[PDB]
């Protein structure tokens, strides 16, 4: 091709520089591995920077805690689609992960003992669901992700990690089922780069921008998810999309769940704190899937607020202004800028907003990416994934608030740890065929010079409005099917794309056309997996299949129950595949892992009724 291809050789290459990628990247250098971090954004612009409410750790700073209580909250929160071995690892590691962050310099808020301040957060209890509200969300006021990312970035400057900032990863370099590295575009100068490495770590974030309204950054476009799909690998549980209860109305910006953790309440057009009726015990601190469904029924039934009766109010003003200024200063500023609301006098208009992707690239608990052949998992040699892009799956069907930033640092560090115990630095870099990756250049060059009927921004909008109405909080079979048809037609319509910018240096016309390819691969698997999952679990609610369907009826004594066969129940992960030429999705399924790392230390939690 007419593109000068620059070859690099590293021990490891990390794609992404959010919480996950930063912690994996310098963890590897710390372990003595010559590491490259490839990121399309400067590291502190990553969506992690926008995170507010905090990061969970059973530190016991506000009361006596126990990481196995956090374990149980997360398992019950996941609605038993979560892998309990990964969840065991994530909640046991949490105190040491958050202590690591503080010792790095993270300016956590403080208690009167001088320790890390922790707040209540949604769906977290003491004594395995029986002992009341837990306070283990460690926070830097309501700017926790901002401070976590700047702390992690500042820490990474002490190691010899080679950074390749504003490089856009295009595809993995696969040979014989193993990953040999990544091929990427240097945005600053237009050149193509192949990064050969023994191990690759994918920490590329979520894909909330498949929807019309999200809290997510413009850059949350599922790029590492799509590279996996294009490599012929499965993605997992992509139909499980988290609607955060409180995105600010209109702009969509996140108003943290810490507002409810500190005392904020939701009220409708009648002033009722309606969560007292939907969730008698947890009220406004129920799980997000439950609070989002609640808010949604109040609106469509007919008790929405505002001149259009299409949102609800997040009331903070009954709380002391000094608490609001110490605990919630960030959203106080954002509510004024993006809604003109002064939080000490008037409520914040909020509605369920696409926020987070439970699904991702399937991994084991060590960070290694897996495929699934003939009923057994098979690690993909050389390929790892952590953070929102990954499906460990610590979150299953519904993530607990403040578990993601934890996930970021626990499994970012796990990838570093696992490579450290598995490989040595300096091992021979694997050869790539001389033309490895040239189909990514050919695709990029066809998009650079595309000149059809449907400009990129027009097709992106057709995708976002199609996901927004056909794959929302509540779903039915007929609506999901028509969204599958609309998406598949949009995906073929990509043959009609038109770009205008024929340059190669900082051509965001072309890069955003690449993100649209990425976004659509994510969107197809999301909505087709949704249409096929004929049950209600976590954030996936079918009104034509309102029940959770597990291998037993766990709402009854199990003695004398005929166990449902794997193919006749839904307590299993969705695995999704895309033939990238056609756009055709194929679905397979793999079992949920119910065992922990140590039954004597941490009991496996069997399915149960799930109420807040």
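Positions refer to the first chain, counted from 1.
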| query | finding |
| --- | --- |
| Mean Cα B-factor comparison, 402-410 or 458-466, giving the higher one as deposited | 458-466 |
| Segment of higher mean CA temperature factor, 298-306 or 121-129 | 298-306 |
| Selection by C-alpha B-factor (highest) of 94, 217, 266, 331 | 266 |
| Candidate residues 71, 153, 449, 356, the one whose C-alpha B factor the record puts highest | 449 |
| Chain-wide C-alpha B factor ranking for residue 166, given as lowest, middle or highest third | lowest |
| Lowest, middle or highest third - CA B-factor, residue 212 | middle |
| Third assignment of residue 553 from its chain's C-alpha B-factors | highest |
| For residue 326, the third of its chain into which the C-alpha B factor falls | middle |
| Position of residue 500 among the chain's modelled residues by C-alpha B-factor, lowest, middle or highest third | highest |
